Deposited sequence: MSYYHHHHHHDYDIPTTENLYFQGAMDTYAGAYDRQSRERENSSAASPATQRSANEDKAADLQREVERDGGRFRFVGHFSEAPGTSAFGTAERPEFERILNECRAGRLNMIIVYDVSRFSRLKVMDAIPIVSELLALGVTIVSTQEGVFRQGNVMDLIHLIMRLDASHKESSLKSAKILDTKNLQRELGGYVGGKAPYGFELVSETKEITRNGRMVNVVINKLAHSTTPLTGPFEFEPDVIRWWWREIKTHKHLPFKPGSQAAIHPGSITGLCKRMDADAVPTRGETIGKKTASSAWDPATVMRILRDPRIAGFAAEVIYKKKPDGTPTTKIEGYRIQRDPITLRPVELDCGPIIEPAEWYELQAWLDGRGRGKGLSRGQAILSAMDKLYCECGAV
């Protein structure tokens, strides 16, 4: 009952996916969770660290971690997603995951779950769903792409001004489109570093403060926060309760990519007023897509915050069970809409 685990990370070949840094962070958090469970259950668990391929043997770190598994020194590999095992197309991961599982290795995908020899066919069927997806993304990507669609394709922020808490930072992508090497400048969201006037340094600090005031109080009202902000000279992007709540509803503060939903006129033409947000999700797992800049408020805290706002909106706080059930209900509506 001894688990020896390594993690493997590498950049995507472009053709969704996170940075090595994002992968390593999820991988080590997963390792810490697994360790607690195994130890609770009497066993032993050792995380030996990250096998990280250099951005550029084509895959010497991958070969190293696989050889440790073949020699029986590791019996678990953690990856951000099962696609990391692939070389050119996701389908070509099938032989190597089959070999690993037949050796008794457990594969843990942070995004997709746990796979062992017992459930190897679950992994095979997963990889094929990923293949069928991706093939569908390819067809869309093969089309003629306008400015916004190209920006979306490259992980770029479509929009005028960065939302509160954030700033826009430019980045140049080297793309090959129809056999032509082309450079495209995109904007990515970063945590705002604009120096503010009053008692908080940057916009993220103001946001974290709002949650600190609300959580710990049983200020601690949103109107109260606004009156305190005006008195303490917290600058207003040059305070309305509706604006504060609109920001607290923004999934991007939790590090989740999201579409802003605007209020539409009877005509159907959108106004400039924000109605709400739709979290951007992986098409197979439904897991939220993560912004490269990471969270302003950790996801766990953000979900607690949303439950708090819902309890205020309903005029009654939710039990822990009702909070879980309500979060599920919001997801089922996002899906049905």
The deposited sequence goes unmodelled at 1 to 25, 41 to 43, 85 to 90, 253 to 265, 286 to 296, 396
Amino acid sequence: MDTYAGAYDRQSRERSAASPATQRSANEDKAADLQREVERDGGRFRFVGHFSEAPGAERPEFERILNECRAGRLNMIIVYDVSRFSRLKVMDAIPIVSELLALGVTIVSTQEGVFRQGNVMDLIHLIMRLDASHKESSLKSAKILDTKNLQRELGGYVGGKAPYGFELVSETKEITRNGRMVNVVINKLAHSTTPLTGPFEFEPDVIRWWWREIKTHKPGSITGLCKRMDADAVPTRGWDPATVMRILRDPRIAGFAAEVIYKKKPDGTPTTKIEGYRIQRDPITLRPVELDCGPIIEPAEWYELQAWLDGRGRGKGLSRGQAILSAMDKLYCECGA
From here on, numbers count along this sequence of modelled residues.
Mean Cα B-factor check, 148 to 156 vs 78 to 86, entry values; winner is 148 to 156
Ranked by mean Cα B-factor in the entry, 246 to 254 and 200 to 208, top stretch is 200 to 208
The residue of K264, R73, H125, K143 with the maximal C-alpha B-factor according to the PDB record is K264
From the entry's CA B-factor values, the highest among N183, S98, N119, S137 is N183
Binned into thirds over the chain's modelled residues, the C-alpha B-factor of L130 lands in the middle
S16: CA temperature factor from the record, placed by chain third, in the highest
On the chain's distribution of Cα B-factors, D92 falls within the third called lowest
So, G313's CA B-factor, relative to its chain, sits in which third? The highest
Sorting the chain's modelled residues by C-alpha B-factor and splitting them into thirds places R59 in the middle
